[PDB]
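Read the structure below first, then the notes.
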Amino acid sequence: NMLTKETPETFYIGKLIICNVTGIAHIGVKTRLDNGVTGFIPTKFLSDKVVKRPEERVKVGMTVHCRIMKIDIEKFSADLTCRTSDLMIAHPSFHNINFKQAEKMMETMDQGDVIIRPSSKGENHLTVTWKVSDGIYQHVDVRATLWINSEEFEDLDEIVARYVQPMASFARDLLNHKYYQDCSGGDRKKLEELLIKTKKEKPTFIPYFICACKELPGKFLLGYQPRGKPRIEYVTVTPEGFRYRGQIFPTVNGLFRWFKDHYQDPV
Amino acid sequence: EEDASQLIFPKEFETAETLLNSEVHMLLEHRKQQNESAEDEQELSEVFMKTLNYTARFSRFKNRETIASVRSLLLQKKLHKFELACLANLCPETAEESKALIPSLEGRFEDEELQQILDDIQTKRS
Amino acid sequence: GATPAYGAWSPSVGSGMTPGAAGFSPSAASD
Amino acid sequence: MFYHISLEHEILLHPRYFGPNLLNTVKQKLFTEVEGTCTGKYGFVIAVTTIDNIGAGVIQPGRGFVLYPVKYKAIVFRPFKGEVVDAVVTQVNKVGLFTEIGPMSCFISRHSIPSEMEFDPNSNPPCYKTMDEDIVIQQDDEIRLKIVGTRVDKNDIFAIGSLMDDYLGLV
Amino acid sequence: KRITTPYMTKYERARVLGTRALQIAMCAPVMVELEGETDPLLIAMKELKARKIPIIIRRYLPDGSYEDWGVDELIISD
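Protein chains in written order, with the deposited numbering: chain M, 1151 to 1176, 1226 to 1287, 1327 to 1381, 1393 to 1516; chain D, 14 to 139; chain A, 1523 to 1553; chain G, 1 to 171; chain F, 50 to 127.
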């Protein structure tokens, strides 16, 4: 206490004391501490007695933090632990990850699960990714400009149950449609060639089909052949309903019942 | 040159509106309410804290209606706006006290009318 | 830049001129 | 005494802050700039209460900063000489009494103090009782004063109080 | 009731492009898709063609009045 100025009553067990190992006598690391206490780490601090020294557990030449378990600054010893453990149906999902690598973990999810992730700009941005269709995903780049408040970021449970859960419930109904098709995710080249082949078997009855677009997620596609010319009408799925010709339908069925008595105009 | 003793003030503040203790108390508390909600925010400065805890000691009353009441009962008379707050915070118990503290009240009004304005302020005090 | 605004897009309606007759399928109920 | 005024200010915004956060960022900058500060012109501006408008941001030629003039309402505190205010005694010493007034403080020598209010340095609490020990004025005693002189010291104010006027004590 | 020419003069085009390219060089958010270029003047020119430059042009008349013209409102010439 008169020369080194550090007694055992200051250093306690449980608190982390940074022990700088500068050398080793014969398997240990005997160095000095911050208060001049000669920190001699035993072989139990490195976990090796007949092998090389604790180079992975104690930094040779530098200071290595360890949990203080012995107060012997007057005895020329320092029981500093070299180990880091000695110092101490619509499922939600959480993250922090890369867009490419994120694509591989949302293919194992089935319809309905929503992952939360950051976004490529790497700060402030975040994105709500959900199962628009088989092989099609939405990436709501919230500031897809979905303007929100600042208070909601502390509770991440309502932005899904108010904007995406009803959206997914609305999107699932079209998947269970009687006339749904993949067409390679709505390839614009594959869709025009199907309507011209289905019209020839039954020229009187004109069928209709729905598809999602991989080229622009959240666009559904509704093609109909009033005559010998393919025609494509787009529709956006909204958190509150559907955006069809700028008219908002509360329920999934009123869209179809509005279409059955609107597609018979000459346009 | 400027001297509140003779109601002479800089034009930029003569055009400015004086505030009561309980008034600024309510405004500051409202701010603090907004300034401690809306997460991801910066704490108020110590200036705001010391101004709050100052005026909190000298709140004669609190509800906006009490402020509006004392303001309306004062403005109906012919007092200058500078007299509005010094006379509304202190609440001198007698007209003689108000006229001794405020030299502008001396001869400004009959003692019984100034005393009535005081007594009204006293009755507004919680 | 793998993810711009997708729902902020403007769905352009396609105009046409088909002076056809009325021989199409009837409507249904909403339940 | 407290006040509020429509102030105006102008901020130079760096181009990094353009895009969707722009006007919100201008607001945040103004709250960063002019809150909690005192001025030789207007005295102690306590805070902006509201923004009257954000002007059209002129792009500075040859440097990308855009200059936004902004007009805004702010609460402000500007004491004047002659004003008789409520205050709280903070420190009682034989050198003089020290007292706080909103953001500011005042100081009151024994010279300003009536002769009967002798020093009490020998009691634990510093006081200025009278000789019969009836009117006990001590620290933290909500004592009135009259601002007899103003002084601004580098964006701060430091008045001087007095006790010469009658009825300057306990209510 | 804007009475000035509805065309972007070549002076307004030079200044708008240089100013916007400066803003881009100072890391301003771009208003147009970058197909993979990096010169701020090339970006500013693309934005000009996309009419997405977030700049309005205050044209002073000789009486000292002024008119404000977006950079999407008036007809870009070249």
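Backbone N, C-alpha and C fix where the C-beta goes; we use that ideal spot for every residue, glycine too.
Any C-beta of chain D under 7 angstroms from that of residue i
{"i": "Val148(G)", "result": "no"}
{"i": "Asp86(G)", "result": "yes"}
Test: residue i CB closer than 7 angstroms to a CB of chain B
{"i": "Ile5(G)", "result": "Absence of chain B from the displayed structure is noted, the protein chains being M, D, A, G and F."}
is_contact[residue i, chain M] using C-beta, thresh 7 angstroms
{"i": "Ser1549(A)", "result": "yes"}
{"i": "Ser1552(A)", "result": "yes"}
{"i": "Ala1527(A)", "result": "yes"}
{"i": "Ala1543(A)", "result": "no"}
Residue i Cβ short of 6 angstroms to the ligand GTP heavy atom set
{"i": "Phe1161(M)", "result": "Among the components of this structure there are no ligands whatsoever, and the ligand GTP is therefore not found."}
Straight-line gap, residue i to residue j (C-alpha atoms, nearest Å)
{"i": "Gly1495(M)", "j": "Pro103(G)", "result": "57 angstroms"}
{"i": "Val1501(M)", "j": "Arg1381(M)", "result": "28 angstroms"}
{"i": "residue 147(D)", "j": "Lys1269(M)", "result": "In this structure chain D extends from 14 to 139, so residue 147(D) is not present and cannot be described."}
{"i": "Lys1342(M)", "j": "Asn1336(M)", "result": "10 angstroms"}
{"i": "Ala63(F)", "j": "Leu1395(M)", "result": "36 angstroms"}
{"i": "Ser1399(M)", "j": "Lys29(G)", "result": "17 angstroms"}
{"i": "residue 1384(M)", "j": "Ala1530(A)", "result": "For residue 1384(M), nothing is modelled; it lies in the interval where chain M passes from 1381 to 1393 with no residues in between."}
{"i": "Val85(G)", "j": "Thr32(G)", "result": "31 angstroms"}
{"i": "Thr1525(A)", "j": "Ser1358(M)", "result": "8 angstroms"}
{"i": "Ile1459(M)", "j": "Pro1548(A)", "result": "19 angstroms"}
{"i": "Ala1527(A)", "j": "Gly19(G)", "result": "15 angstroms"}
{"i": "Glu35(G)", "j": "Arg78(G)", "result": "15 angstroms"}
{"i": "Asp1233(M)", "j": "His1176(M)", "result": "23 angstroms"}
{"i": "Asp153(G)", "j": "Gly55(G)", "result": "33 angstroms"}
{"i": "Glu1401(M)", "j": "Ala74(G)", "result": "29 angstroms"}
{"i": "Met1344(M)", "j": "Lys101(F)", "result": "35 angstroms"}
{"i": "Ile1327(M)", "j": "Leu97(F)", "result": "48 angstroms"}
{"i": "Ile1226(M)", "j": "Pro1241(M)", "result": "8 angstroms"}
{"i": "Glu133(G)", "j": "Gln46(D)", "result": "44 angstroms"}
{"i": "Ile104(F)", "j": "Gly119(F)", "result": "6 angstroms"}
{"i": "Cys1281(M)", "j": "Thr1160(M)", "result": "21 angstroms"}
{"i": "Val1535(A)", "j": "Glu1482(M)", "result": "7 angstroms"}
{"i": "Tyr1429(M)", "j": "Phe1491(M)", "result": "18 angstroms"}
{"i": "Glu36(D)", "j": "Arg70(D)", "result": "13 angstroms"}
Proximal chain G residues relative to residue i, where beta-carbon distance stays under 9 angstroms
{"i": "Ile104(F)", "result": "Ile59"}
{"i": "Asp16(D)", "result": "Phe80, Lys81, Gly82"}
{"i": "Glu110(D)", "result": "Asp166, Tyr167"}
{"i": "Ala98(D)", "result": "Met1, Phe2"}
{"i": "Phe26(D)", "result": "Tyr3, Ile5, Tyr42, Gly43, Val76, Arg78, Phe80"}
Listed by chain order, chain G residues near residue i by CB distance under 8 angstroms
{"i": "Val60(D)", "result": "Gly36, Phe44, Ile46, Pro103"}
{"i": "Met75(F)", "result": "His14, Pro15, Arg16, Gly64"}
Residue i: contacting residues in chain M (beta-carbon distance under 8 angstroms)
{"i": "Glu52(D)", "result": "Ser1399, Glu1400, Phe1402, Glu1403"}
Closer than 7 angstroms to chain F by CB, residue i
{"i": "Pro15(G)", "result": "yes"}
Contact with chain G by residue i, beta-carbon distance below 7 angstroms
{"i": "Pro78(F)", "result": "yes"}
{"i": "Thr107(D)", "result": "no"}
{"i": "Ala81(D)", "result": "no"}
{"i": "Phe71(D)", "result": "yes"}
{"i": "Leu86(D)", "result": "no"}
{"i": "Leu114(D)", "result": "yes"}
Below-7 angstroms beta-carbon distance, residue i vs any chain A residue
{"i": "residue 1210(M)", "result": "For residue 1210(M), nothing is modelled; it lies in the interval where chain M passes from 1176 to 1226 with no residues in between."}
{"i": "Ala1393(M)", "result": "yes"}
{"i": "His1511(M)", "result": "no"}
{"i": "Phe1498(M)", "result": "no"}
Closer than 7 angstroms at the beta carbon, the chain G residues around residue i
{"i": "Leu71(F)", "result": "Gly64"}
{"i": "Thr68(F)", "result": "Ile59"}
{"i": "residue 183(D)", "result": "There is simply no residue 183(D) to check, as chain D begins at 14 and stops at 139 in what is shown."}
Proximal chain F residues relative to residue i, where beta-carbon distance stays under 7 angstroms
{"i": "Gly55(G)", "result": "In chain order: nothing, as chain F lies at least about 12 angstroms away."}
Neighbouring residues, chain A, relative to residue i (Cβ below 8 angstroms)
{"i": "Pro1415(M)", "result": "Correct list: empty, because the minimum Cβ distance to chain A is about 15 angstroms."}
Residue i: contacting residues in chain D (beta-carbon distance under 7 angstroms)
{"i": "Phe2(G)", "result": "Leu32, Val37"}
Partners in chain A for residue i, counting only beta-carbon separations shorter than 9 angstroms
{"i": "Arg1355(M)", "result": "Correct list: empty, because the minimum Cβ distance to chain A is about 10 angstroms."}
### Interfacial residues, the region 29–50 of chain D to chain G, with Cβ spacing under 7 angstroms
Within the region 29–50 of chain D, the qualifying residues are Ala29, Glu30, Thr31, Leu32, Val37, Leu40, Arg44.
### Query
Can you give, in chain order, each stretch of the beta strand (DSSP E) that sits fully within the region 1462–1492 of chain M and has at least 3 residues?
List check, beta strand (DSSP E) in window: 1468–1472, 1481–1486.
### Task
Identify each residue in the region 1463–1486 of chain M for which the Cβ-Cβ distance to at least one residue of chain A is less than 8 angstroms, and report them in chain order.
The region 1463–1486 of chain M vs chain A, Cβ under 8 angstroms: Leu1465, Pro1466, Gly1467, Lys1468, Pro1475, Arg1476, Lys1478, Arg1480, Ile1481, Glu1482, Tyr1483, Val1484, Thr1485.
### Query
Whole beta strand (DSSP E) runs in the region 16–78 of chain D with 3 or more residues, listed along the chain?
Fully enclosed beta strand (DSSP E) runs of 3 or longer: not present.
#### Entry: Minimum length 4: unbroken alpha helix (DSSP H) runs contained in the region 66–113 of chain F
Those alpha helix (DSSP H) runs which fall completely within the region 66–113 of chain F and span 4+ residues are 89–99.
### Message
I'd like the ranges of any beta strand (DSSP E) spanning at least 3 consecutive residues and lying wholly in the region 110–166 of chain G.
### Response
Unbroken beta strand (DSSP E) runs of no fewer than 3 residues, entirely contained in the region 110–166 of chain G, are found at 144–146, following chain order.
### Task
Only counting runs of 3 or more residues, tell me where the beta strand (DSSP E) segments fall wholly within the region 39–118 of chain G, in order along the chain.
The region 39–118 of chain G contains these whole beta strand (DSSP E) runs: 43–54, 66–77, 84–86, 88–93, 96–101, 104–108.
### Query
When Cβ atoms are compared, which residues of the region 113–144 of chain G fall closer than 9 angstroms to chain D?
Listed in sequence order: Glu142, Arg144.
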